[PDB]
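Positions in the sequence shown are counted from 1; adding 791 to them yields full-length UniProt numbering.
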Amino acid sequence: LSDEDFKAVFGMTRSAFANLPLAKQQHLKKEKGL
Numbered sequence: 792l793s794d795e796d797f798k799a800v801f802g803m804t805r806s807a808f809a810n811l812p813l814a815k816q817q818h819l820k821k822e823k824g825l
């Protein structure tokens, strides 16, 4: 994912996402099927 598609898919920049607890990062990834 480009950073722009990252934001369209997860609703936040890659740097906000990297600040999330790891278990929630994984959760969000499963939820998007990515």
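C-beta atoms are modelled at their ideal positions from N, C-alpha and C, and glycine is treated no differently.
Endpoints, alpha helix (DSSP H) assigned at residue i
{"i": "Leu-819", "result": "813 to 823"}
{"i": "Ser-793", "result": "Counting along the chain, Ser-793 falls outside any alpha helix (DSSP H), and DSSP gives it neither H nor E."}
{"i": "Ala-807", "result": "805 to 808"}
Candidates the options, of which the one nearest residue i by Cα
{"i": "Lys-823", "options": "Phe-808, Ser-793, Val-800, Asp-796", "result": "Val-800"}
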